[PDB]
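The next block holds one structure in the form of structure tokens; read it before the comments.
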Amino acid sequence: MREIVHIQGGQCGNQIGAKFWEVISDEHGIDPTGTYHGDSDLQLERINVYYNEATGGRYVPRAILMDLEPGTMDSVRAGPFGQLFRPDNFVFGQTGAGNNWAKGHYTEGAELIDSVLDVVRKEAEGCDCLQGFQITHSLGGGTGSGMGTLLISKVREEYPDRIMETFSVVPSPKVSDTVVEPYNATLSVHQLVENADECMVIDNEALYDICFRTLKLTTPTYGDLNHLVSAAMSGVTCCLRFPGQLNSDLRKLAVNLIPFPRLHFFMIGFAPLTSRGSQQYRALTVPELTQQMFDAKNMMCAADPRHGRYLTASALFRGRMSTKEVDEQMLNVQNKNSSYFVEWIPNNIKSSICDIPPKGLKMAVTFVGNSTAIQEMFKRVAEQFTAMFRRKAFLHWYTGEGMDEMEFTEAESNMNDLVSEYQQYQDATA
Amino acid sequence: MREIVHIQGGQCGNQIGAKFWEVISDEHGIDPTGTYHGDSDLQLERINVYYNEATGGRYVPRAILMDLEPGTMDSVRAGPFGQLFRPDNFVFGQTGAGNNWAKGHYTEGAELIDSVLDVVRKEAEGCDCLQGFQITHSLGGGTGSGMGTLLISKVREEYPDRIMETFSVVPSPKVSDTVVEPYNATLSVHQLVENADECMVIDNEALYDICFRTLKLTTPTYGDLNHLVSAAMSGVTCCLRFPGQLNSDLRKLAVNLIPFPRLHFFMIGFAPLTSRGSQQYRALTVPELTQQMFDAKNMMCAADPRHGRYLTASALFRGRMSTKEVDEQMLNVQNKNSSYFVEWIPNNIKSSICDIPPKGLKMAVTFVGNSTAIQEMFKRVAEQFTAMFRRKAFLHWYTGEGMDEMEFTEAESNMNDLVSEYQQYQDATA
Amino acid sequence: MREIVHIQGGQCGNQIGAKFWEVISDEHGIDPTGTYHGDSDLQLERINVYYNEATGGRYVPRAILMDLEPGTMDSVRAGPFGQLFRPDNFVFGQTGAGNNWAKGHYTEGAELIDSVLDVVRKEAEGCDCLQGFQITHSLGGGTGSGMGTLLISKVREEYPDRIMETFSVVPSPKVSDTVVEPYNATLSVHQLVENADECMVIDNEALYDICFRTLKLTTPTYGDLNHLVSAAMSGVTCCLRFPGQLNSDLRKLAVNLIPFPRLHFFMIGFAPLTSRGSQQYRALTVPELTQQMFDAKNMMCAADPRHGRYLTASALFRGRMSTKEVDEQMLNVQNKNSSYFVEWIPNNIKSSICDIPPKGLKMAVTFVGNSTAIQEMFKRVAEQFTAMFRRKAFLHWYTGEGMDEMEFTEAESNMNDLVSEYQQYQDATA
Amino acid sequence: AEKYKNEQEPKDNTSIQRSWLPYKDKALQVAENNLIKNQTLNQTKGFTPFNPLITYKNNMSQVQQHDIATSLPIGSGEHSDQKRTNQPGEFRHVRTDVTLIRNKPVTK
Amino acid sequence: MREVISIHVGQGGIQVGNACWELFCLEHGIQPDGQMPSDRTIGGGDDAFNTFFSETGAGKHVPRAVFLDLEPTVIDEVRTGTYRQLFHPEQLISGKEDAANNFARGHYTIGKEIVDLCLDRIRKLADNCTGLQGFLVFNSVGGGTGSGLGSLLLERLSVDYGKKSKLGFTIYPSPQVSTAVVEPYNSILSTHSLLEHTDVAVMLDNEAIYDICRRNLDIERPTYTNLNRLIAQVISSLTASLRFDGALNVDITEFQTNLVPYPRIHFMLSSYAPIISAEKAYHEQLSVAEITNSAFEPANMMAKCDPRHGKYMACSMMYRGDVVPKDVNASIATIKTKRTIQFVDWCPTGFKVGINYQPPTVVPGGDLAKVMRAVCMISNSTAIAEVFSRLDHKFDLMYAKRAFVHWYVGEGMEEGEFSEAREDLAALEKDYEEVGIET
Amino acid sequence: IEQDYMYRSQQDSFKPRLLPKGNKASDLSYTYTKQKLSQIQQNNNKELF
Ligand SMILES: Nc1nc2c(ncn2[C@@H]2O[C@H](COP(=O)(O)OP(=O)(O)OP(=O)(O)O)[C@@H](O)[C@H]2O)c(=O)[nH]1
Ligand SMILES: Nc1nc2c(ncn2[C@@H]2O[C@H](COP(=O)(O)OP(=O)(O)O)[C@@H](O)[C@H]2O)c(=O)[nH]1
Ligand SMILES: Nc1nc2c(ncn2[C@@H]2O[C@H](COP(=O)(O)OP(=O)(O)O)[C@@H](O)[C@H]2O)c(=O)[nH]1
Ligand SMILES: Nc1nc2c(ncn2[C@@H]2O[C@H](COP(=O)(O)OP(=O)(O)O)[C@@H](O)[C@H]2O)c(=O)[nH]1
Ligand SMILES: [Mg+2]
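Residue numbers (the entry's author numbering), protein chains in the order written: chain KL, 1 to 430; chain JL, 1 to 430; chain NL, 1 to 430; chain 0B, 221 to 328; chain KI, 1 to 439; chain 5G, 150 to 198.
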């Protein structure tokens, strides 16, 4: 019944997926031991989208766990909800990636991808009717970036018509934790546009910014940042698992958000968000949810969406509500901000309603937008890349695995052309 | 429905606003926790004028608090009824103004005013039908007189048609707390005439004088003056919140009180004020109320009403009475004091009636008057200003922050023209 | 047709001229080698106003560069865009003037003015119908001011009907470069008042103020100052080269601005001028465009316009804007600030509109206003000069070169006469 | 804006001085009730902090510990619910059963 | 599963090995005899100590290290001290005659009968380890047997193993305060030896640590034990990420991947913070921003060098304790804002941040105060050319008059070796100069 | 300068050609849909042996 498998790699990918399965399990009322303890039957009707079936009535997720070192999967197994993961699904190497794109994409990635791909093939064919793939990985790391994009190339070759979703984390110059990030970031972005149907950029600079400003919590931790990402992940596929006034799956959103096949980079946000000391003073209504949704500071990306023009946008609503206000509120925001929407695509906003809100809430909104302001991320990354590349700094590591400068050269041109393409469509009038 | 938003700045403004919100909460029967505990249904029909609604049925005032130093807002938060105000509406700096107009209007005021302007815009767009603004600030202070008037200019530019009020505490020579009062007082008086639609001028000296004669209490305190001003403020807008025979909103006051565009400086008063000893020995009737109303010592300004002539006046009765008696008393007083009213305008007194007296009172009257006696209040301020500015005393603090003495020269000139054009009608005859 | 030729004098003139010709060439699309690189047909409709046709289709400017030292020509020729000029127009002395107005006017000028008059007559007769001459120089130096004032003096008697405008960089005492600035400045004004049809005063002090405050750039250089002058200089003849709603050539401005023949000194300013880190928001509409125009800070002269009354004003708008709002704003500023305008010219502001905006900008405007505020700059120079003339120092070198104290006395008296007859109109009433 | 002083002498009792109002002001009774409530709350916990005013600041806030369905239930933060001893060898690795292999398989 | 092997050659190497190994035993709770005394120890996967120690089959744990020296005094002192029962009897290789401050003796004449035993023991240690990360080398450059055996052993290991990482914590002579007289000769010769055969080299000059101890710990008469303890703390901070849980962890292949731009340039200097005594430990907040700010001060460098005279190329920073990523990010933002510290143009970002949860441990009888935060620095900078320049200046003064060279030539070494060493050191100095220029 | 004119004019005379036809993952999915839609007929008309 159009289920989707989960794939995650690297340290950043593993931690995001470690909390995503925690939120979903709470959403469907699955205890850490694997037993259903819900209240309503709607929680159990469409459980097959994520969970398989085992003896004794326990449910097991169809998640695949990959990394080139055993250190990370020791932590995910010891954490909460860690007994819900298949011991056979774990596939690990004993060497690591060393923050090197070449090492994780040519030498160890090639010699390990055979084992993980067999798990993917067995997991995918077991289901009656597949729906697509979703991947969580980081573009600043070694094994998340290198072998992670190698699997994407292999999967797209064997499963052509399926939908490929990627919750990607690119590095920002402000909060930097690696000197060699521009190399393995640009090389992955060139590969990402090759095959991925949908790309959803995430920045730690933006996620930190929300915690200091919006939630007003003094000491944020990676566990707090993972919760915001996991909340948005379940939102985009909310209506695929529950009834609603209007239905929308992953394929439907791709149709209404991709004017051209190469323009498949989205920026996402979630509402509502309020600090603990300010929750009692806020009234939750459809006007309030949509007011926070378009706010620039609410995005999970470092790009400012008011520096460019939206091409397409989408909004998914959770909980019971009236279709009259939902229709008119999207109408009002389009009329008041006609300068921020390009003029050759009238009615460039999508609405969807699911009647089951997230656990512990009454109304929730997930936003996915295609904007031409995302290009300033690739501009600043390529700005740092060319500064290092003109002096051939750190290049002896990459050349040591057979990769030549031609791959570096063609990564520059393809990245520049993608940036040049976004600007041209923003600079277009009827 | 024709609701108003409240803006307060500076220490004096914050104290007046806190006391006023206490009085309004008492009138509407709202406990410090924001839960309605009234007895009559009339207390909820128009609650939206001053209060919003949130989750759990608690009501939040739509008030905005701004300052440059966190000293006073930390006190109002910890004081009683301090939990009503929304924590997001507290905007403050960290440096303070130090009784310098430039520090609160050019450098520190400008950098901080963006956030408070955004909050004001959000609150104004949230409400259904905006009716106007009311401001409480002090003209003799640093952050108040400067930042409040900068915000006044900004909001008047942004909303051109909405009516606007100010309750300004202008310094007086008899009770002096600062040596640099004339400078920023003159500057703010210059900046107010072009933007403020209605000004309610107040002195601390007049309030002390009232407390020492009429109230006859040995040891008054700043709380008493605060509560008198709050009672007057609440009495201004009684008919817009409660039913009556002659409903009169804020625009009806301006039309009946402003003959010429630049004549909008009023002096207010309240009745009845009774000593503690003679509380039960005094009868409450319309003639007594109007006699105390037009007693010259009941005004909240140091200017003597008997040194000039009234242009127009307005009285706002509250409680149950007879329309004939009120009109007869107004006619009688206007006929017996014919020399005190300018002759070329007939019947220059307006009366309005509301059906709800204050809490624990039978009848109450709020009096607002436009009289030429305001010339003396500005005359004495300008007298100090020139005698101090001729020697250029304390002027390097102002000129050390981008301001030129040409601004002082122009500000002094505009005040003199205002006084002359205001007093020309005291001598002009038809 | 109705062509004007450019002649620049002194070190200051060549620096200003070097940037001005780079500015104009960019507007009309001429490369460093003199070949067209524009995109529209209108770039050649009136290209003959400043250029000549050369064999092969190349365009060359009508600039005559004169000086007493070759150190300026060999520096401006070797710079970029220096190949456009014809070498035959390069005329320079071999000895230098040494900041000596007498040397630049009596002993060394007399033998070299034979060459400049030959070339300037050739250029003047080459055009079909001459319109006027424009000159850039400074009154603080010797060669720029000395042979300068002499040059206008004689070319005037050959062309008593053609208009003559000059841009004057008058020195300021707060930021002074030469000890003998009062001497050569007073003499230059005497020879310039009775010869030039139009004169514009430029203060280098104000140029620092604009760059420091509005531009908010840390380190300005002489190049940036030259760019500020050229931008205002170019906009004066904007409608002379491009069509517009109300085109107004130089003669039109000359008639409308000077009420009397001896009052032809102007102050100029430019708008809009934004900071380097200008965020992408809104657009520069007329209400904010005209607000920055009349700001006293935006003026490029040390004379504060609020110290006197405006005799008249003129605005040169660039862009596609409606005439109605342009007209009514000028009525708005006149009514609001009637104190700064002389009452005996009703509607004393002239407006012009040009359809071609400056490159890379939506709407721009240039201000040329004649106000009684310039008497301060004359008064302050006279005080310095009379202090430096009683001492009889630095005079024997002026005296020991063909002249005596009679010229200085008549120059001071005439300059005093100018100020006296300039203040009478300020205090005159109708 | 005033020093709340209550004593037997009427000239400095505030309530005796501010009785000229047409009604009973809702600031003095609220303050007294707050003082009594803070005293009782301190007795429940036990603070005796040398004066009742020290704990009065944070005994009046209505901030609930948990969320009220207007934001994501992430709590007050991971760092809030963390305890720290400092014995040597406290944070050593555990090597759970998933990665603890023994026999090193030889064939493929 | 992951292991490292420590190699100690020379008296300085052994006297640093003593301190680092006592610190490791105290960190992992191993008593001096060799057995864990807790008696609550269990099996399963609690084998966090396998990085340094190894099960002995019955009881104790044997460290993965060897000691080399041609002079038996220090090794006999180790065999007599309280750590007698810990080390394996056979893995303490000792000679008969000292090298006597001569590079030729320890590299051509008497090192050949010890190098074979050393390789045999290293192989017998390496076959035991299954996840061998790499090697650590401790030696004193300004000493005969130290430099000679270090050179020969590095050359042999480069061909015996190859791709395994090699890290060297060597001790160059101080610019003006030194003990020996002929240390420039063997210093430059060992510089050539380690230029093309090591992966990462760390500067460990002595008067720098002397000044650090005098300024911070208020000790007017420091000795070698304090220096060894500080170096042991540095080593533990560097290696902590292998065996303790942390938010952001690094490895040996993590360090050199993000720290050396070119194969030739791998010389770098270290720093530590905070260094404080018990008396001053009370009255300081010891915030992360404060300790990171103190870490970049020129007076805290472990080598007598001033980074203000050159540009940086990379910075690897390791935190341990209870630090947080947002605070460390703010600290790096402030450091980047500061103008006194400047980087090279072709390195826009230059910070690698590792965070470890384990707070530093304290040795009873030590000097460092017991703290809950610490930061270690491994910075590669262009300003390191000064130390090579000063050694070159000293060498020429004696080589012009050919002092002491008869002893070097009577042991079989040809005269041209000095010329080759000088040429190659000059070539190295030029490379460091051309790297730091702008494009 | 005249050959500069000619070269620049002829190189400028070529500008407006966009034809958006980016197809890397879309084309791979496209050629699969066409194959399965067309090769079923070729499968079902095959002659038995
Ligand atoms: N920092 C530090 N340096 C030491 C220590 N012990 C010896 N050294 C250094 O070693 C140098 C002298 O060489 P030694 O270590 O005594 O002997 P060697 O290096 O083994 O060479 P031989 O003299 O032939 O035995 C001195 O200059 C010291 O710098 C120590 O405990 N700490
Ligand atoms: N948002 C988020 N970012 C993370 C998390 N864990 C690590 N990162 C980021 O990932 C980067 C390091 O990635 P890395 O672990 O080297 O990727 P890998 O080598 O492919 O496993 C760091 O800069 C972190 O900012 C997480 O749980 N959430
Ligand atoms: N009625 C009343 N007036 C006050 C109060 N507090 C201060 N003032 C007056 O405000 C003046 C000082 O203004 P200030 O608060 O310093 O202005 P600011 O610095 O801009 O906030 C004094 O002259 C007081 O008379 C108060 O609680 N009630
Ligand atoms: N705006 C501007 N002013 C200049 C420039 N060069 C010199 N000046 C001013 O001109 C004055 C000196 O003029 P000077 O060079 O002696 O003129 P000259 O005698 O013709 O060479 C100084 O006070 C400077 O402020 C320039 O490039 N731009
Ligand atoms: Mg020895």
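All residues carry an ideal CB built from backbone N, CA and C; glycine is no exception.
Limits of the unbroken alpha helix (DSSP H) element including residue i
| i | result |
| --- | --- |
| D197 (chain JL) | First-last for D197 (chain JL): undefined, no H or E at that position. |
| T41 (chain KI) | Run containing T41 (chain KI): none; DSSP gives neither H nor E here. |
| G269 (chain NL) | Element bounds for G269 (chain NL): not the alpha helix (DSSP H) but the beta strand (DSSP E), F265 to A271. |
| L316 (chain NL) | Unbroken run through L316 (chain NL) is the beta strand (DSSP E), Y310 to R318; no alpha helix (DSSP H). |
| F24 (chain KI) | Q11 to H28 |
Neighbourhood of residue i by C-beta distance below 6 Å, restricted to the same chain and skipping five residues each side
| i | result |
| --- | --- |
| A19 (chain KI) | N228, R229 and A232 |
| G148 (chain KL) | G9 and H137 |
Buried or exposed by the 16-neighbour rule on C-beta atoms within 10 Å, applied to residue i
| i | result |
| --- | --- |
| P160 (chain JL) | exposed |
| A411 (chain KL) | buried |
| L117 (chain KI) | exposed |
| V381 (chain JL) | buried |
| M155 (chain 5G) | exposed |
Residue i Cβ short of 6 Å to ligand 7 heavy atom set
| i | result |
| --- | --- |
| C12 (chain NL) | The model depicted lacks ligand 7 and carries ligand 1, ligand 2, ligand 3, ligand 4 and ligand 5 instead. |
Delimiting residues of the beta strand (DSSP E) encompassing residue i
| i | result |
| --- | --- |
| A63 (chain JL) | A63 to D67 |
| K154 (chain KL) | First-last for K154 (chain KL): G146 to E158, but that is the alpha helix (DSSP H), not the beta strand (DSSP E). |
Integer-rounded CB distance, given that residue j should sit under 8 Å from residue i
| i | j | result |
| --- | --- | --- |
| residue 504 (chain KL) | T253 (chain KI) | Residue coverage of chain KL in this structure runs from 1 to 430, which leaves residue 504 (chain KL) outside it and unanswerable. |
| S145 (chain NL) | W101 (chain NL) | 6 Å |
| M267 (chain JL) | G369 (chain JL) | 6 Å |
Neighbourhood of residue i by C-beta, 8 Å cutoff - its chain only, sequence neighbours within 5 removed
| i | result |
| --- | --- |
| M73 (chain KL) | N14, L65, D67, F90 and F92 |
Spatial neighbours of residue i in its chain, beta-carbon cut-off 7 Å, leaving aside the 5 residues before and after
| i | result |
| --- | --- |
| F343 (chain KI) | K311, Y312 and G350 |
| query | Can we say the region 164-179 of chain KI touches the region 132-148 of chain KI, given the rule of at least three CB pairs closer than 8 Å? | reply | yes
| Is the region 312-322 of chain KL close to the region 236-247 of chain KL, with three or more CB pairs under 8 Å? | yes
| request: Assess, as a yes-or-no matter, whether the region 397-409 of chain JL is touched by the region 123-133 of chain NL under the definition of 3 or more beta carbon pairs within less than 8 Å. | output: no
| Touching or not, the region 184-192 of chain NL and the region 219-230 of chain NL, by the rule of three or more beta carbon pairs under 8 Å? | no
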